[PDB]
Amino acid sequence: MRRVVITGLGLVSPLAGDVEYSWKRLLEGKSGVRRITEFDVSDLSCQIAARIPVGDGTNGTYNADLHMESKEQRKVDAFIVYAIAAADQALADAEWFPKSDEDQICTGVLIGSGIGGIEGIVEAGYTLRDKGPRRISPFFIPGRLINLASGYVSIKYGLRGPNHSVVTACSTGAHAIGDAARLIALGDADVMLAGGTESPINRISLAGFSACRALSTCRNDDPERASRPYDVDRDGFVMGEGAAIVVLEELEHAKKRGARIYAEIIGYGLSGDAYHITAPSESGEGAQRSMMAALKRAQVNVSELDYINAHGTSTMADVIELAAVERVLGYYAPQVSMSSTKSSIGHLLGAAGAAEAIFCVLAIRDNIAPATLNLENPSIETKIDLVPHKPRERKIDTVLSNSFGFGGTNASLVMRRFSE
C-alpha cells in the first residue's frame, strides 16, 4: 500500500464560506446556529439551523455565483453547488489543476451526500401534479442524483480518474475520505478530491427529522445554546449545511512536485451496529470496533493519541460514544482531548465527517483542540478532557475522528503529522 497525504482543504460551512475563516471563527467560540429566516418555519417544532453566511464573498461570506453561473445553479440542488465551491478551494489550496492526459487520468473524485436532492424532488413532484409531465425539466434527474456532485466537479476540472460516490448518512464524509485514500493506496489514482456535501435546510427535511424526534426543539429563542454535546440539557441535534473537500495525494507524487503536506491519513475503520434503523446501539460496541479497527490499520497505540473529534451530535447517544471511547483509551483517558465541533456548526449530515476531518488536520497544524461549546453541566463525569467552552492549546500529532450514521453505519479515521 502506498502512503497517502492531504495537500489541500476546502470548506463551505455555517461559520464561513472558506477554510481559514471557518477555523478562525471556530476557535473564537463562534456559533453558526440561528433562527431560520429564509422560509416559513412557524409551523415546525425546530426553527433553527446552522447556516452558511451568504454574501459577496468578502469577510468570509459565501457567493454561489463565483462558483457556478446563476442559470446553472437553477438546474441543480444546492448540495451540488456547495461541492463545486469546496472543490474550487481545495484544488487551489493544493495548487493542482491537471491539464495533461496523464495528470487528468490519475486524478479522481469521490464526493458523497446523505440525502442529496430532496428539496428538488419535492418541488418536481408539485410540478408533476400541478402542471403535468411536459413541464418536468430535462435537468430534473441529473440535478438530483447524489453522484452528480462528483460528476459536476469532474467535468469542471477535467478529472478523469475514479469517479465515485457514497451515501451513509452521518458517516458519509468519513467513508468518502477513507475510500478515496484506499483508491490511491491501491494505485487506482495518484490524486483524489474527497469529501461530502449536504443541503438539508428545507421544510421537507426539517419536518422529516422533527417527525422522528431527532432535532433540538426547546431553544428556538436561544439558538446559539441549542447544540450542546454531553450537556445534561441537550435535546437533539441542530441541522447544518455545507461541503467539505480535501485533496488526497500519493506521497511520492506530492514530494516530487513540492506540495505542502498538511497531514497523513494512516487509518480507516468500518463497522455496523445491526441494532436499529435510527437509534445507536446501547452498548457502543460498534463504535468501539470502528475505532479499534482504524487504530490497528494505522498501527497506532492509544498511548499515542492526542485528540479525538467526536461524533457527538447533542443527542442522548452522546454518552454511549463517550463510554466507548473510555473503554478504547483505558489508562490513557486523562491524556487525550476529545471534542464535538457540532457544538459550533451543527450536524452537517453527509458533509459532517469531512468537515471534521478538516478540523482534525488544522488541529495538527495549529496544535490546538477545538472546544465543545455549551458544555455547562456534563451528564456524566469522565477522565477525558472534553475541552468545554474554549479551545485547548496542546501537542497534537495523532488524531482520531468518529462518524456514526443512521442505520448503524460507523466509520473512524486516523491521521497524523507528516514528518516522513
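One rule holds for the numbers: they count along the sequence shown, beginning at 1.
Exercise. Looking at the deposited entry, does 283-291 or 209-217 carry the larger mean Cα B-factor?
Worked result: Mean B over CA atoms: larger for 209-217.
Exercise. Averaging C-alpha B-factors over each stretch, which comes out higher, 272-280 or 237-245?
Worked result: Per the PDB entry, the higher value belongs to 272-280.
Exercise. Whose C-alpha has the highest temperature factor in the PDB entry: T107, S113, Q335, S150?
Worked result: Answer for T107, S113, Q335, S150: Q335, with the highest C-alpha B-factor.
For this session: By the entry's C-alpha temperature factors, tell me which of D130, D306, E264, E198 sits highest.
Result: The listed residue with the largest C-alpha B-factor is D130.
Exercise. Taking the entry's C-alpha B-factors for this chain, is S171 in the lowest, middle or highest third?
Worked result: Its C-alpha B-factor, which the entry lists for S171, ranks in the highest third among residues of this chain.
For this session: Using the B-factor values recorded in the entry, state whether the Cα atom of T372 falls in the lowest, middle or highest third among the modelled residues of its chain.
Result: Middle third - that is where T372 ends up once the chain's C-alpha B-factors are sorted.
For this session: Tell me, lowest, middle or highest third: where does the Cα B factor of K342 rank within its chain?
Result: Lowest third - that is where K342 ends up once the chain's C-alpha B-factors are sorted.
For this session: Rank-wise, by C-alpha B-factor, drop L145 into the lowest, middle or highest third of its chain.
Result: Middle third by C-alpha B-factor.
For this session: Sort the modelled residues of this chain by their C-alpha B factor and say whether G125 lands in the lowest, middle or highest third.
Result: For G125, whose C-alpha B-factor we compare with every modelled residue in the chain, the answer is the middle third.
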